[PDB]
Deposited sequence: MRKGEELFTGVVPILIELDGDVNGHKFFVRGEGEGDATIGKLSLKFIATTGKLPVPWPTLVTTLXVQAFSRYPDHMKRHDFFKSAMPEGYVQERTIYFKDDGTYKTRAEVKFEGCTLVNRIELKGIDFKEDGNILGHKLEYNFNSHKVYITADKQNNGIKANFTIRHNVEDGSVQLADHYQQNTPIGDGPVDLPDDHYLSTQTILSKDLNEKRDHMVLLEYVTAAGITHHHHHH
C-alpha cells in the first residue's frame, strides 16, 4: 500500500475525547510526506480550552508517514494496510496520574488519509500535571520499537514518553500499542517534534512538525 504514499498526502484527524468527564473534540488538517518523513498538521479544539495539555495528545494525534529507508521497506506494516487501513489501540499510563484508553482507525477516505480517534481518560488527579496544565509546551525526541504481532497479524509497541514539566521534574507516560489491519522485524521509529502557535488563531490550537525515520 506504499503506492499511495509517494509525494504529498493530505490529512484529516479527528479525536473524540473524554477525560474525567471533561468532553472535548480536536480536528486536525495538513499534509504528510513519507519520502522525507515530514508531518505538518494544525489542530483545533472545537470545544473550548482543552482540559488536558496538548503534548499528551501528540502520540494520539499517523506513523504511516515514517521515512522507511530502501533497506527497510518490507517492514512498513502501516502503508501496507492501506487503503483498507488499520486499527490502532493504545493504553497510556501517566505515572502517579490518570490513564488513557485510545482506539484509532487510520484509513483512506478518497485521496485523503483520515485518523479517527476515540479517547477515554480516568482517575486523573486535578491540580496535577495533566489536569492542572503544568506540562511544558514541548515534545522531546523518542525511539519507538515496533515488533510483529503473531496472534492478531499486526504490530505492537511499548515506550515511555518523558514530558518536561514547568517546575523542573519529569512526567512519564507509559505507552502500550496494538495495530490491527482492517482488510515486520524488530525496528524502531525515531521521531522529532516541534510545537508552535498560530498568532492569527484564537481557538485553542497546536501547530506541529515531525520528522520520522526508521
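Taking the first deposited residue as 1, the stretches without any C-alpha atom are 1-3, 65, 188-193, 225-234.
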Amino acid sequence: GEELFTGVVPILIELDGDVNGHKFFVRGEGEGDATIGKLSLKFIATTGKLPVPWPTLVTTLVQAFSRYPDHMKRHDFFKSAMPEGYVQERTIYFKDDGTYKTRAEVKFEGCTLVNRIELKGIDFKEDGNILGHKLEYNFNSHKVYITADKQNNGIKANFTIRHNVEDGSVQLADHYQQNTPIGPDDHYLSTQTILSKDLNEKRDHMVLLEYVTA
From here on, numbers count along this sequence of modelled residues.
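Across the other compared structures of the same protein with both neighbouring residues present, residue 68 lacks coordinates in at least a third. Compared with other PDB entries of the same protein, residue 150 is missing from at least a third of those that resolve the residues around it. Of the two stretches examined, 71-79 and 138-146, the record assigns the greater average C-alpha temperature factor to 71-79. Averaged over their C-alpha atoms, the temperature factors of 25-33 and 164-172 are higher for 164-172. In the PDB entry, the Cα temperature factor peaks, among 152, 40, 177, 59, at 152. In the PDB entry, residue 108 places in the lowest third of its chain by CA B-factor. Placement of the Cα temperature factor of residue 92 within the chain: lowest third of the modelled residues, per the deposited record. Looking at the C-alpha B-factors along this chain, the one for residue 13 belongs to the middle third. Residue-level temperature factors show residue 193 in the lowest third of its chain, judged at the C-alpha atom. Annotation for residue 133: C-alpha temperature factor in the highest third relative to the rest of the modelled chain, per the entry.
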